[PDB]
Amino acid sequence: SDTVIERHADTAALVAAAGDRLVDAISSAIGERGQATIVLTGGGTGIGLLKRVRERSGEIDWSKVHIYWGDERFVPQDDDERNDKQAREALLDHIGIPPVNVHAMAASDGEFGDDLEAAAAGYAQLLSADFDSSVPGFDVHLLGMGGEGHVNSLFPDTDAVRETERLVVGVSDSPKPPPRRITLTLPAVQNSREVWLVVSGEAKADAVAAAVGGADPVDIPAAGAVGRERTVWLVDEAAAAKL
């Protein structure tokens, strides 16, 4: 699998570039296969790039695009900490995507109640359904990365990042609030044609260098975030400073 690193000046430049790249990737996938399956992420740059996509959203036939999430905060549906809510405000509420093409992870006041394990297994069955229909399962899985290398809600040195069988798990004790999350696991992330890590800032530079260096994914979860066709690091100068 090829690896691409593309370094831009600063956060604003990075987010603009990443949004442009995503519009191009979605168009390319629709051209080749008649549809596109994309996995969204949260965090500042993950949501910021979606705002840029919104600027060019007329270039895409959204009836042909399917949306998943790599992780989600297991909190009430209307909570500001929700990744799906933030994505809807940034992009999804502004485009002609059919609601049934959008596959949000469950909320804690949703159909599974506050049962985290059931909610994770619910999304896993949905991915099994996607994975029964397409190979690889995803065209592009977007990711942010924390300073310690975490991606989705897979934190270093945890049973979640160690998971090799299940596609989705619950995390009940995230070291970063909120404590409860639903997350795709590395086997699910790795069933993407491309995995894109969008990373800004000095505090991320050590983890970028360790992940690109080919670290063990348990120690640096981002090192296991690898696409079947390519892995793309979209970074700014500050985050690239140890390459």
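All residue numbers are counted from 1 along the displayed sequence.
Averaging only over Cα atoms, indicate whether 194-202 or 54-62 has the higher B-factor in the PDB entry.
-> Averaged over C-alpha atoms, the B-factors run higher in 54-62.
Got a sec? Mean C-alpha B-factor, which is higher, 41-49 or 173-181?
-> Averaged over C-alpha atoms, the B-factors run higher in 173-181.
Could you check 146, 156, 122, 99 and tell me which one carries the biggest Cα B-factor in the deposited entry?
-> That would be 99, according to the entry.
Between 26, 186, 215, 67, let me know which has the highest C-alpha B-factor in the entry?
-> Highest C-alpha B-factor among the listed residues goes to 215.
For residue 127, return the chain-relative third of its C-alpha B-factor as stated in the PDB record: lowest, middle or highest.
-> It falls in the top third of the chain.
Third of the chain's Cα B-factor distribution that residue 74 belongs to, per the entry | According to the entry, residue 74 has a C-alpha B-factor in the chain's middle third.
Is the Cα B-factor recorded for residue 90 in the lowest, middle or highest third of its chain?
-> Middle third, going by the recorded CA B-factors of the chain.
Could you say whether, by C-alpha temperature factor, residue 243 belongs to the lowest, middle or highest third of its chain?
-> Ranked within chain, residue 243 CA B lands in the highest tercile.
Going by the entry, which third of its chain does the Cα temperature factor of residue 106 land in?
-> CA B-factor rank for residue 106: middle third.
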